[PDB]
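Everything below belongs to run-v5.cif, which stores mmCIF, N, CA and C atoms.
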data_data
#
loop_
_atom_site.label_atom_id
_atom_site.label_comp_id
_atom_site.auth_asym_id
_atom_site.auth_seq_id
_atom_site.Cartn_x
_atom_site.Cartn_y
_atom_site.Cartn_z
N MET M 1 -20.19 61.33 6.81
CA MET M 1 -19.38 61.85 7.91
C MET M 1 -18.96 60.70 8.81
N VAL M 2 -17.99 60.94 9.66
CA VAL M 2 -17.56 59.96 10.63
C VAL M 2 -18.50 60.06 11.81
N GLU M 3 -19.29 59.06 11.98
CA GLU M 3 -20.31 59.05 12.98
C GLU M 3 -19.81 58.33 14.20
N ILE M 4 -19.58 59.08 15.25
CA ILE M 4 -19.15 58.52 16.50
C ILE M 4 -20.15 58.93 17.57
N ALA M 5 -20.83 57.97 18.12
CA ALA M 5 -21.79 58.21 19.17
C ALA M 5 -21.09 58.05 20.48
N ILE M 6 -21.37 58.90 21.43
CA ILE M 6 -20.71 58.83 22.71
C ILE M 6 -21.74 58.46 23.76
N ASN M 7 -21.43 57.48 24.55
CA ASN M 7 -22.33 57.04 25.58
C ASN M 7 -22.02 57.82 26.84
N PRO M 8 -23.06 58.28 27.56
CA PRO M 8 -22.90 59.01 28.83
C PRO M 8 -22.06 58.22 29.84
N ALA M 9 -21.25 58.95 30.59
CA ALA M 9 -20.38 58.37 31.58
C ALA M 9 -21.18 57.80 32.73
N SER M 10 -20.92 56.57 33.06
CA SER M 10 -21.63 55.89 34.12
C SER M 10 -20.63 55.19 35.04
N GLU M 11 -21.13 54.63 36.16
CA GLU M 11 -20.32 53.88 37.15
C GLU M 11 -19.21 54.77 37.76
N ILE M 12 -19.47 56.05 37.82
CA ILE M 12 -18.50 57.02 38.28
C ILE M 12 -18.37 56.96 39.80
N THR M 13 -17.16 56.85 40.25
CA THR M 13 -16.79 56.90 41.64
C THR M 13 -15.77 58.05 41.80
N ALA M 14 -15.00 58.07 42.86
CA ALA M 14 -13.97 59.09 43.01
C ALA M 14 -12.73 58.72 42.23
N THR M 15 -12.44 57.44 42.18
CA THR M 15 -11.23 56.96 41.58
C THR M 15 -11.42 56.34 40.19
N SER M 16 -12.66 56.03 39.81
CA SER M 16 -12.89 55.37 38.54
C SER M 16 -14.22 55.74 37.87
N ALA M 17 -14.34 55.40 36.58
CA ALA M 17 -15.54 55.67 35.79
C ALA M 17 -15.57 54.77 34.56
N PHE M 18 -16.76 54.46 34.09
CA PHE M 18 -16.96 53.66 32.90
C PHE M 18 -17.54 54.52 31.81
N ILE M 19 -16.78 54.75 30.80
CA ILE M 19 -17.22 55.56 29.69
C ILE M 19 -17.19 54.71 28.44
N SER M 20 -17.88 55.14 27.40
CA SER M 20 -17.98 54.34 26.19
C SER M 20 -18.49 55.15 25.02
N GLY M 21 -18.52 54.52 23.87
CA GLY M 21 -19.02 55.12 22.68
C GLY M 21 -19.17 54.08 21.61
N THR M 22 -19.63 54.48 20.48
CA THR M 22 -19.80 53.61 19.36
C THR M 22 -19.36 54.35 18.11
N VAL M 23 -18.38 53.83 17.42
CA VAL M 23 -17.99 54.39 16.16
C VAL M 23 -18.86 53.72 15.12
N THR M 24 -19.91 54.40 14.75
CA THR M 24 -20.93 53.86 13.90
C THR M 24 -20.43 53.69 12.47
N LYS M 25 -19.77 54.71 11.95
CA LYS M 25 -19.33 54.68 10.58
C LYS M 25 -18.07 55.50 10.47
N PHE M 26 -17.08 54.98 9.80
CA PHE M 26 -15.82 55.65 9.67
C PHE M 26 -15.53 56.01 8.22
N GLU M 27 -14.87 57.13 8.05
CA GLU M 27 -14.43 57.66 6.78
C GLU M 27 -13.07 58.27 7.00
N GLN M 28 -12.27 58.35 5.98
CA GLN M 28 -10.95 58.92 6.09
C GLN M 28 -10.58 59.58 4.77
N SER M 29 -10.07 58.77 3.85
CA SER M 29 -9.67 59.19 2.54
C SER M 29 -9.26 57.96 1.76
N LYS M 30 -9.01 58.12 0.47
CA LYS M 30 -8.54 57.05 -0.38
C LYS M 30 -7.18 56.56 0.08
N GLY M 31 -7.03 55.26 0.14
CA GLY M 31 -5.79 54.68 0.60
C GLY M 31 -5.91 54.15 2.00
N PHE M 32 -6.74 54.80 2.80
CA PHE M 32 -6.90 54.44 4.20
C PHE M 32 -8.19 53.66 4.45
N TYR M 33 -8.75 53.10 3.41
CA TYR M 33 -9.93 52.27 3.56
C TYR M 33 -9.50 50.88 3.94
N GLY M 34 -10.10 50.34 4.97
CA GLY M 34 -9.70 49.04 5.44
C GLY M 34 -8.43 49.15 6.26
N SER M 35 -8.44 50.09 7.16
CA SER M 35 -7.32 50.36 7.99
C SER M 35 -7.74 50.20 9.44
N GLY M 36 -6.90 49.54 10.22
CA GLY M 36 -7.15 49.35 11.62
C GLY M 36 -6.90 50.63 12.36
N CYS M 37 -7.96 51.35 12.59
CA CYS M 37 -7.96 52.62 13.21
C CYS M 37 -7.67 52.48 14.68
N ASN M 38 -6.73 53.24 15.14
CA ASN M 38 -6.41 53.29 16.53
C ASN M 38 -7.42 54.15 17.24
N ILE M 39 -8.22 53.51 18.03
CA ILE M 39 -9.16 54.18 18.84
C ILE M 39 -8.50 54.45 20.16
N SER M 40 -8.28 55.68 20.39
CA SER M 40 -7.74 56.12 21.61
C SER M 40 -8.78 57.00 22.23
N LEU M 41 -9.29 56.59 23.33
CA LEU M 41 -10.29 57.35 23.97
C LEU M 41 -9.52 58.10 25.01
N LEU M 42 -9.49 59.38 24.85
CA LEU M 42 -8.66 60.23 25.65
C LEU M 42 -9.51 60.99 26.62
N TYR M 43 -8.98 61.19 27.79
CA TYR M 43 -9.65 61.92 28.81
C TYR M 43 -8.66 62.86 29.45
N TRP M 44 -9.13 63.95 29.91
CA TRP M 44 -8.32 64.93 30.55
C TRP M 44 -9.14 65.64 31.58
N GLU M 45 -8.49 66.45 32.38
CA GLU M 45 -9.15 67.20 33.40
C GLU M 45 -9.82 68.40 32.74
N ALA M 46 -10.98 68.79 33.21
CA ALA M 46 -11.67 69.96 32.65
C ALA M 46 -10.91 71.23 33.00
N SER M 47 -10.22 71.18 34.11
CA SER M 47 -9.39 72.25 34.57
C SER M 47 -8.00 72.20 33.92
N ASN M 48 -7.61 71.04 33.45
CA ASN M 48 -6.31 70.86 32.83
C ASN M 48 -6.43 69.95 31.62
N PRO M 49 -6.71 70.54 30.43
CA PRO M 49 -6.89 69.80 29.17
C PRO M 49 -5.54 69.44 28.52
N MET M 50 -4.47 69.85 29.19
CA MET M 50 -3.12 69.58 28.75
C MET M 50 -2.72 68.16 29.16
N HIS M 51 -3.28 67.68 30.27
CA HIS M 51 -3.03 66.33 30.75
C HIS M 51 -3.89 65.32 30.02
N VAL M 52 -3.52 65.04 28.80
CA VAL M 52 -4.25 64.12 27.97
C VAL M 52 -3.83 62.70 28.32
N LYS M 53 -4.69 62.02 28.99
CA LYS M 53 -4.48 60.67 29.41
C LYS M 53 -5.25 59.75 28.48
N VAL M 54 -4.78 58.55 28.34
CA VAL M 54 -5.43 57.57 27.50
C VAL M 54 -6.26 56.66 28.39
N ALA M 55 -7.55 56.60 28.14
CA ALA M 55 -8.42 55.72 28.89
C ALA M 55 -8.27 54.30 28.36
N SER M 56 -8.31 54.17 27.05
CA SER M 56 -8.14 52.91 26.34
C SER M 56 -7.65 53.18 24.93
N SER M 57 -6.80 52.31 24.44
CA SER M 57 -6.27 52.39 23.11
C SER M 57 -6.35 51.01 22.46
N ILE M 58 -7.16 50.90 21.44
CA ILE M 58 -7.45 49.63 20.77
C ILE M 58 -7.51 49.86 19.28
N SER M 59 -7.59 48.81 18.52
CA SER M 59 -7.64 48.95 17.10
C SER M 59 -8.96 48.40 16.59
N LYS M 60 -9.62 49.15 15.73
CA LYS M 60 -10.85 48.72 15.13
C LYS M 60 -10.78 48.89 13.64
N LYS M 61 -11.20 47.88 12.95
CA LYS M 61 -11.24 47.89 11.51
C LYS M 61 -12.65 47.55 11.04
N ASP M 62 -13.51 47.26 12.00
CA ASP M 62 -14.87 46.87 11.71
C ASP M 62 -15.79 47.80 12.42
N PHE M 63 -16.73 48.33 11.70
CA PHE M 63 -17.66 49.32 12.23
C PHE M 63 -19.08 48.89 11.88
N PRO M 64 -20.12 49.17 12.71
CA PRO M 64 -20.01 49.92 13.99
C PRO M 64 -19.17 49.21 15.06
N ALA M 65 -18.28 49.96 15.65
CA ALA M 65 -17.38 49.45 16.66
C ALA M 65 -17.73 50.04 18.00
N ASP M 66 -18.12 49.19 18.91
CA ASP M 66 -18.43 49.62 20.25
C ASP M 66 -17.21 49.53 21.09
N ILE M 67 -16.85 50.63 21.70
CA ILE M 67 -15.68 50.66 22.52
C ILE M 67 -16.06 51.16 23.89
N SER M 68 -15.36 50.73 24.88
CA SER M 68 -15.59 51.17 26.22
C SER M 68 -14.27 51.32 26.90
N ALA M 69 -14.23 52.15 27.88
CA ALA M 69 -13.04 52.41 28.60
C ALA M 69 -13.33 52.49 30.07
N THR M 70 -12.55 51.82 30.84
CA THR M 70 -12.65 51.88 32.25
C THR M 70 -11.50 52.71 32.76
N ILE M 71 -11.81 53.86 33.27
CA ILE M 71 -10.80 54.75 33.74
C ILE M 71 -10.60 54.53 35.21
N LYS M 72 -9.38 54.41 35.60
CA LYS M 72 -8.98 54.39 36.98
C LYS M 72 -8.01 55.55 37.18
N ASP M 73 -7.51 55.69 38.41
CA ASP M 73 -6.53 56.75 38.80
C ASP M 73 -7.11 58.16 38.67
N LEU M 74 -8.41 58.28 38.80
CA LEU M 74 -9.07 59.59 38.73
C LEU M 74 -8.90 60.37 40.02
N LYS M 75 -8.94 61.68 39.90
CA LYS M 75 -8.89 62.56 41.05
C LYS M 75 -10.30 62.80 41.56
N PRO M 76 -10.52 62.75 42.89
CA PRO M 76 -11.84 63.01 43.50
C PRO M 76 -12.26 64.47 43.32
N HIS M 77 -13.58 64.71 43.22
CA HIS M 77 -14.19 66.08 43.09
C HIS M 77 -13.71 66.81 41.81
N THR M 78 -13.24 66.07 40.84
CA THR M 78 -12.65 66.68 39.68
C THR M 78 -13.49 66.40 38.42
N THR M 79 -13.69 67.43 37.65
CA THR M 79 -14.40 67.34 36.41
C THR M 79 -13.42 66.90 35.31
N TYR M 80 -13.83 65.95 34.51
CA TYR M 80 -13.04 65.43 33.42
C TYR M 80 -13.80 65.52 32.12
N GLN M 81 -13.09 65.48 31.02
CA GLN M 81 -13.66 65.52 29.69
C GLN M 81 -13.07 64.39 28.88
N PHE M 82 -13.85 63.83 27.97
CA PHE M 82 -13.41 62.68 27.20
C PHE M 82 -13.90 62.73 25.76
N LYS M 83 -13.14 62.09 24.87
CA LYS M 83 -13.48 61.97 23.46
C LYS M 83 -12.87 60.69 22.90
N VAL M 84 -13.45 60.20 21.84
CA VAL M 84 -12.95 59.05 21.14
C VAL M 84 -12.18 59.54 19.92
N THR M 85 -10.92 59.23 19.88
CA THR M 85 -10.08 59.59 18.77
C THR M 85 -9.95 58.35 17.90
N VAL M 86 -10.41 58.44 16.68
CA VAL M 86 -10.45 57.31 15.80
C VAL M 86 -9.47 57.54 14.68
N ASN M 87 -8.47 56.66 14.62
CA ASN M 87 -7.43 56.69 13.61
C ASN M 87 -6.56 57.94 13.91
N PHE M 88 -5.80 58.39 13.00
CA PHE M 88 -4.87 59.49 13.24
C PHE M 88 -5.50 60.85 13.01
N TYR M 89 -6.71 60.88 12.53
CA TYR M 89 -7.29 62.15 12.10
C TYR M 89 -8.65 62.52 12.74
N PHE M 90 -9.37 61.59 13.33
CA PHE M 90 -10.72 61.94 13.79
C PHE M 90 -10.90 61.93 15.29
N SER M 91 -11.77 62.81 15.73
CA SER M 91 -12.18 62.95 17.10
C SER M 91 -13.70 63.08 17.14
N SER M 92 -14.29 62.70 18.24
CA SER M 92 -15.72 62.78 18.41
C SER M 92 -16.13 64.09 19.10
N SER M 93 -17.38 64.15 19.52
CA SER M 93 -17.90 65.23 20.31
C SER M 93 -17.32 65.14 21.73
N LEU M 94 -17.37 66.22 22.46
CA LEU M 94 -16.79 66.28 23.78
C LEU M 94 -17.83 66.13 24.85
N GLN M 95 -17.63 65.18 25.72
CA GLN M 95 -18.47 65.04 26.89
C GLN M 95 -17.67 65.33 28.13
N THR M 96 -18.34 65.64 29.19
CA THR M 96 -17.71 65.94 30.42
C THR M 96 -18.45 65.21 31.56
N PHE M 97 -17.73 64.84 32.58
CA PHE M 97 -18.30 64.21 33.76
C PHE M 97 -17.55 64.70 34.97
N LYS M 98 -18.05 64.42 36.14
CA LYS M 98 -17.42 64.87 37.35
C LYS M 98 -17.35 63.67 38.27
N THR M 99 -16.23 63.48 38.92
CA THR M 99 -16.06 62.35 39.81
C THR M 99 -16.79 62.57 41.14
N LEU M 100 -16.69 61.62 42.02
CA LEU M 100 -17.30 61.74 43.31
C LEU M 100 -16.26 62.13 44.34
N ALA M 101 -16.68 62.23 45.57
CA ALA M 101 -15.81 62.56 46.67
C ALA M 101 -15.19 61.27 47.20
N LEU M 102 -14.31 61.37 48.19
CA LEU M 102 -13.63 60.17 48.78
C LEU M 102 -14.54 59.35 49.71
N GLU M 103 -15.78 59.61 49.59
CA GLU M 103 -16.81 58.90 50.24
C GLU M 103 -17.71 58.38 49.14
N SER M 104 -17.31 57.27 48.58
CA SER M 104 -18.03 56.64 47.51
C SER M 104 -18.76 55.42 48.07
N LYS M 105 -19.78 54.97 47.37
CA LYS M 105 -20.52 53.80 47.80
C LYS M 105 -20.01 52.59 47.05
N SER M 106 -20.21 51.42 47.64
CA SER M 106 -19.76 50.16 47.06
C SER M 106 -20.45 49.87 45.72
N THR M 107 -21.76 50.17 45.67
CA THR M 107 -22.59 50.01 44.47
C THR M 107 -22.54 48.55 43.95
N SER M 108 -23.05 47.65 44.76
CA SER M 108 -23.06 46.25 44.42
C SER M 108 -24.39 45.62 44.79
N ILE M 109 -24.85 45.88 46.01
CA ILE M 109 -26.16 45.41 46.46
C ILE M 109 -27.22 46.27 45.78
N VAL M 110 -26.97 47.56 45.77
CA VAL M 110 -27.79 48.50 45.06
C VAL M 110 -26.92 49.16 44.01
N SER M 111 -27.28 48.98 42.78
CA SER M 111 -26.57 49.55 41.67
C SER M 111 -27.63 50.16 40.75
N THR M 112 -27.23 51.05 39.85
CA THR M 112 -28.18 51.66 38.93
C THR M 112 -28.61 50.67 37.84
N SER M 113 -29.69 49.98 38.11
CA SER M 113 -30.20 48.99 37.23
C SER M 113 -31.15 49.60 36.21
N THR M 114 -30.58 50.11 35.15
CA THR M 114 -31.32 50.64 34.05
C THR M 114 -31.96 49.53 33.15
N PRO M 115 -31.26 48.38 32.83
CA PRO M 115 -31.90 47.29 32.13
C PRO M 115 -32.59 46.36 33.11
N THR M 116 -33.26 45.39 32.60
CA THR M 116 -33.94 44.44 33.41
C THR M 116 -32.98 43.27 33.64
N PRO M 117 -32.77 42.85 34.89
CA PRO M 117 -31.88 41.72 35.22
C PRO M 117 -32.61 40.35 35.19
N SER M 118 -33.69 40.28 34.42
CA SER M 118 -34.47 39.07 34.27
C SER M 118 -33.72 38.04 33.42
N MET M 119 -33.14 37.07 34.09
CA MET M 119 -32.42 36.00 33.46
C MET M 119 -32.93 34.70 34.06
N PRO M 120 -33.68 33.89 33.27
CA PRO M 120 -34.23 32.61 33.74
C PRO M 120 -33.13 31.63 34.16
N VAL M 121 -33.06 31.37 35.48
CA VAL M 121 -32.02 30.56 36.12
C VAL M 121 -30.66 31.25 35.99
N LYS M 122 -30.28 31.97 37.02
CA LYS M 122 -29.06 32.74 37.00
C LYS M 122 -27.86 31.84 37.29
N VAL M 123 -27.19 31.43 36.24
CA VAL M 123 -26.06 30.54 36.32
C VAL M 123 -24.78 31.34 36.58
N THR M 124 -24.70 32.53 36.01
CA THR M 124 -23.53 33.40 36.17
C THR M 124 -23.42 33.90 37.63
N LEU M 125 -22.31 33.59 38.29
CA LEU M 125 -22.08 34.10 39.63
C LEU M 125 -21.36 35.43 39.55
N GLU M 126 -22.11 36.50 39.68
CA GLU M 126 -21.56 37.82 39.62
C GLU M 126 -20.96 38.22 40.96
N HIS M 127 -19.80 37.67 41.21
CA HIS M 127 -18.99 38.00 42.37
C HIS M 127 -17.62 38.49 41.85
N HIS M 128 -17.46 38.39 40.54
CA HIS M 128 -16.25 38.86 39.87
C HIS M 128 -16.50 40.27 39.37
N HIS M 129 -17.64 40.45 38.73
CA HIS M 129 -18.06 41.73 38.23
C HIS M 129 -19.58 41.73 38.13
N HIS M 130 -20.21 42.75 38.66
CA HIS M 130 -21.65 42.91 38.56
C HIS M 130 -21.99 43.65 37.29
N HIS M 131 -22.94 43.13 36.57
CA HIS M 131 -23.41 43.73 35.34
C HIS M 131 -24.26 44.96 35.63
N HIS M 132 -24.19 45.89 34.73
CA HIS M 132 -25.02 47.05 34.75
C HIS M 132 -26.16 46.73 33.79
#

Write-out of the structure in structure tokens:
Amino acid sequence: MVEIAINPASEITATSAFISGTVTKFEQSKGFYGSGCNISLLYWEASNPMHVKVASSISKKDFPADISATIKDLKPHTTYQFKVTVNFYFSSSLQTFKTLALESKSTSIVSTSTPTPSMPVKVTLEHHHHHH
């Protein structure tokens, strides 16, 4: 089967969110083996699934393929749904997330540190982007 793992939506604010997934293994049919599959990770409003917006559109020919999408232009207090569309024929499972209100936090001094930030001698100056 086409195995597409979906990573839970994180870094969610009112206007943006970081979503991702991993296309572990791809299948299609004869003739389409070794094809650069267009990964379009689509998101829409839970209230309006007609507004199919593209979070990210990239091409993958190598699997497992880890893809991520940074969504901006989100509506506050709004529930959204997302899926990874791989090639012209496949879609993943459906996840849903909800944005925040117009009172969001900066999330830089205190961020959700799920991994350990233990790096012997921190050479990287994270003033451009803070790692999760």

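When only N, CA and C atoms are used to measure the gap to residue M:71, the shortest distance among M:94, M:86, M:58, M:17 belongs to M:17.
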
Exactly which residues make up the result of the PyMOL selection byres ((chain M and resi 2) around 6) on this file, given as a count of residues only? 6

Within 8 Å of residue M:130, counting only C-alpha atoms, which residues show up once you throw out same-chain ones fewer than 3 positions away? Write them as a PyMOL selection string, please. chain M and resi 108+126-127

Store the residues of this selection in a file with N, CA and C atoms, as a PDB file, keeping the file's coordinate frame.
ATOM      1  N   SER M 108     -23.050  47.650  44.760  1.00  0.00           N
ATOM      2  CA  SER M 108     -23.060  46.250  44.420  1.00  0.00           C
ATOM      3  C   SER M 108     -24.390  45.620  44.790  1.00  0.00           C
ATOM      4  N   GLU M 126     -22.110  36.500  39.680  1.00  0.00           N
ATOM      5  CA  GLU M 126     -21.560  37.820  39.620  1.00  0.00           C
ATOM      6  C   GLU M 126     -20.960  38.220  40.960  1.00  0.00           C
ATOM      7  N   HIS M 127     -19.800  37.670  41.210  1.00  0.00           N
ATOM      8  CA  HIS M 127     -18.990  38.000  42.370  1.00  0.00           C
ATOM      9  C   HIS M 127     -17.620  38.490  41.850  1.00  0.00           C
TER      10      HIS M 127
END

Calculated over only C-alpha atoms, which of the candidates M:122, M:63, M:39, M:111 has the smallest distance to residue M:11?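 When distances to residue M:11 are compared using only C-alpha atoms, the smallest one comes from M:111.
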
Would you list the contacts of residue M:48 as a ChimeraX atom specification, taking every protein, DNA or RNA residue within 12 Å and counting only C-alpha atoms, but skipping same-chain residues closer than 3 positions in sequence? /M:43-45,51-53,75,78-81

Using the chain letters and numbering of this document, enumerate as an MDAnalysis selection string the residues selected by the PyMOL selection byres (((chain M and resi 21-24 and name CA) around 10) and name CA). chainID M and resid 2:9 19:20 25:26 39 41 60 62:69 83:86 92

With distances taken over only C-alpha atoms, which of M:87, M:18, M:77, M:33 is nearest to residue M:99?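 That would be M:77, the residue with the smallest distance to residue M:99.
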
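Counting all atoms listed in the file and comparing M:10, M:98, M:88, M:76, the residue that lies closest to residue M:36 is M:88.
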
Would you give the centre and edge lengths, in Å to one decimal, of a box along x, y and z around the listed atoms of stretch 1-17 of chain M, with 4 Å added to each side, as AutoDock Vina command-line options?
--center_x -17.1 --center_y 57.9 --center_z 24.9 --size_x 19.8 --size_y 16.0 --size_z 44.2

Among the residues M:105, M:128, M:61, M:72, the one that comes closest to residue M:38 [using only N, CA and C atoms]: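 Of M:105, M:128, M:61, M:72, the one nearest residue M:38, counting only N, CA and C atoms, is M:61.
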
Need to verify the contact set: residue M:57, 5 Å, all atoms listed in the file, exclusion of same-chain residues closer than 2 positions in sequence. Can you return it as a list in words?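 Once the adjacent positions are removed, what remains is residues 39, 40, 55 and 59 of chain M.
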
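With only C-alpha atoms as the atoms that count, the minimum distance from residue M:100 to the choices M:74, M:37, M:119, M:42 is reached by M:74.
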
Work out how far apart atom N of residue M:97 and atom CA of residue M:46 are and give it in Å to one decimal. 7.9 Å

Could you state the separation of atom C of residue M:123 and atom CA of residue M:110 in Å, given to one decimal place?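 Going from atom C of residue M:123 over to atom CA of residue M:110 covers 19.4 Å.
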
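Between atom CA of residue M:112 and atom N of residue M:132 lies a distance of 8.2 Å.
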
Which parts of chain M does DSSP call strand (DSSP E) when run on the backbone here, written out as a ChimeraX atom specification? /M:3-10,17-25,37-45,53-60,65-71,79-86,90-91,95-98
